[PDB]
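As a plain string of letters, each chain reads:
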Amino acid sequence: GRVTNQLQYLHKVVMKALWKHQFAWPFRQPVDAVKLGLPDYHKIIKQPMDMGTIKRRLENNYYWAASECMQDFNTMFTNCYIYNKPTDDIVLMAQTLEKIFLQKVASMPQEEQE
Amino acid sequence: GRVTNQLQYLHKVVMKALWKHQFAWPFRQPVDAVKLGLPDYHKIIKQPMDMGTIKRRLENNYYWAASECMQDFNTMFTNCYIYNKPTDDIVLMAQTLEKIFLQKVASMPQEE
Amino acid sequence: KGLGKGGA
Amino acid sequence: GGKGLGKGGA
């Protein structure tokens, strides 16, 4: 539990941009294995992650450091590449979102404080 | 060239740590599909990437911005998750190397 | 080893 | 589509 300037940047600049992205919709809430017909999803992906959870964690001061939050973004993208087929559209959507994420992390203010 | 603080950091901190890491050896050179019995590899992965390529690029000032080196690290790790079976050891190795990549990139100086 | 979300 | 063939498991 902290507020830092890098966490505020991950919340208000990085997450805000990804959330609104036209490819974001499959990532805004936990993967619903039942709705989507994916009875194997929880057998392959042991640490489900989604932007909903990351956003809420940011609002409830769950993270102590930015890096912890960046790690959750990474798990979410990684789950998607691991579980889905190479040819599924969701893989392209994840890769596009993940490039923005890396671009925006590159401009994160670097006085790590609060 | 002068090398921006960011590419300096990617070279002297990020690549420094990954290059010598005990999980690094499968990533140090381009995936050799013939050596590894992997006739489908280039069918699935259209942009192969590896640490040798990125290390050489950082050494020869091939890069204009950090974000472009960072993308190459990302492609390398993503290739690996996309091609390989979830249960493969290589997947666990890549996940460990990628966490270090992100930890370090959390402390990369500002641009400019 | 996957089952996936749909291909294209 | 799907996961290639891979490098080996554990």
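- Chain B carries the name bromodomain-containing protein 2 in the PDB entry, which gives Homo sapiens as its organism.
- The deposited PDB record carries the title "Crystal structure analysis of the N-terminal bromodomain of human BRD2 complexed with acetylated histone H4 peptide".

- Under the annotation held in the PDB entry, chain A carries the name bromodomain-containing protein 2 and is attributed to Homo sapiens.

**Looking at the interface of chain B and chain D**
Alright, step 1. Counting residues at the interface gives 16 residues for chain B and 8 residues for chain D.
Alright, step 2. Looking at the side of chain B facing chain D, the largest losses of area belong to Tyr-83, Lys-85 and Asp-89 of chain B, adding up to 31% of the total buried there.
Alright, step 3. Here chain B is connected to chain D by 10 residue pairs in polar contact.
Alright, step 4. Breaking the side of chain B that touches chain D down by element, the ones donating at least two residues are α4 (66–83) and α5 (89–105) of chain B.
Alright, step 5. The biggest single contributor to the side of chain B that touches chain D is α4 of chain B, with 3 residues.

**Details of the side chain of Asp-50 of chain A**
Residue and element names in this part refer to chain A.
Alright, step 1. Within the fold, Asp-50 resides in the loop between α3 (41–44) and α4 (51–59).
Alright, step 2. For the buried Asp-50, no salt bridge is present, and the opposite-charge side chain at shortest range is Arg-56, 6.2 Å distant.
Alright, step 3. Polar side-chain contacts of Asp-50 include one of 2.8 Å to the backbone nitrogen of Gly-52.

**Overview of the packing of aromatic side chains**
Residues and elements named next belong to chain B.
Alright, step 1. Considering all chains together, one arrives at 9 aromatic pairs over all chains under this definition.
Alright, step 2. Between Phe-77 and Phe-101, the ring centres sit 6.2 Å apart and the planes meet at 50°, which makes this aromatic pair tilted. One end of the pair, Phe-77, is in helix α4; the other, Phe-101, is in helix α5, and 24 residues separate them in sequence. Note on accessibility: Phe-77 and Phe-101 belong to one class, buried.
Alright, step 3. Among the aromatic residues, those joined into a ring-pair cluster are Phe-27, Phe-73, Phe-77 and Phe-101.
Alright, step 4. Cation over ring: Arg-57 sits above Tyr-62, and NZ or CZ is 4.3 Å from the ring centre.

**A few points about α4 of chain B**
Alright, step 1. The terminal C-alpha atoms of α4 of chain B, which comprises 18 residues, lie 26 Å apart, in line with the 26 Å expected from a rise of 1.5 Å per residue.
Alright, step 2. With 16 of 18 residues buried, α4 of chain B is to be regarded as a mostly interior element.

**Overview of the UniProt feature "binding site: a protein" in chain A**
Alright, step 1. In this numbering, the UniProt entry assigns the feature "binding site: a protein" to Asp-40, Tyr-83, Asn-84, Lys-85, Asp-88 and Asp-89 of chain A. Among the annotated residues just listed, those that line the largest pocket are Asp-88 of chain A.
Alright, step 2. In this fold, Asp-40 of chain A is placed in the loop between α2 (33–36) and α3.
Alright, step 3. On the secondary structure map, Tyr-83 of chain A appears in helix α5 (residues 66–83).
Alright, step 4. Residue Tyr-83 of chain A is classed as buried on the basis of its relative accessible area, which comes to 0%.
Alright, step 5. With residues up to four places along the chain from it excluded, the contact list for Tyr-83 of chain A reads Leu-38, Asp-40, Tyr-41, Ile-44 and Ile-45 of chain A together with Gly-2, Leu-3 and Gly-4 of chain C.
Alright, step 6. Engagement of the side chain of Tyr-83 of chain A in a polar contact is seen with the side chain of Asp-40 of chain A, the distance being 2.8 Å.

Rules used in this analysis
- Sequence-order numbering is used: residues on each chain count from 1 as written, possibly diverging from the entry numbering, and only residues with coordinates are shown.
- As they are written, the chains are lettered A onward and the ligands numbered 1 onward, keeping that order.
- Side-chain measures were taken over the full set of non-hydrogen atoms in the model, leaving aside hydrogen atoms and water.
- Residues with missing side-chain atoms are left out of burial classes, side-chain pairs and their counts.
- Note on contacts: a residue pair is in contact if any heavy atoms of the two residues lie within 4.5 Å.
- Buried area: the accessible surface (1.4 Å probe) lost by two parts on joining, summed over both.
- Under the rule applied, a polar contact is a pair of N or O atoms within 3.5 Å (in protein, one hydrogen donor and one hydrogen acceptor; residues adjacent in sequence only if both atoms are side-chain atoms).
- A helix here means a DSSP run of H or I that spans at least four residues, while a strand means a run of E at least two residues long, and both kinds are numbered starting from the N terminus.
- Partly exposed describes any residue whose relative accessible area lies between the buried limit of under 20% and the exposed limit of over 50%, with all areas from a 1.4 Å probe on protein chains only and scaled to the type maximum.
- Counting rule applied: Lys, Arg positive; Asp, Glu negative; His and chain ends not counted.
- A side-chain nitrogen of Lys or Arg and a carboxyl oxygen of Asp or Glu constitute a salt bridge if their distance falls within 4 Å.
- Note on aromatic contacts: the rings of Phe and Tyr and the six-membered ring of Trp form a pair at centre separations within 6.5 Å, being stacked when their planes are under 30 degrees apart, edge-to-face when over 60 apart, and tilted otherwise.
- Ring-over charges, as used throughout, are those where CZ of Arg or NZ of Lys falls within 6 Å of the ring centre and within 35 degrees of the ring normal.
- The span you would expect from a helix comes to 1.5 Å times its residue count less one.
- UniProt positions are given in the numbering used here, feature names are shortened, and annotations may be inferred rather than shown by experiment.
- A pocket here means an open set of points on a 1 Å grid, computed over the protein atoms alone, that has protein on both sides within 12 Å along at least five of seven lines. A cavity is instead a set of points where a 1.4 Å probe fits but cannot get out; residues with an atom within 4 Å of a point line either one.

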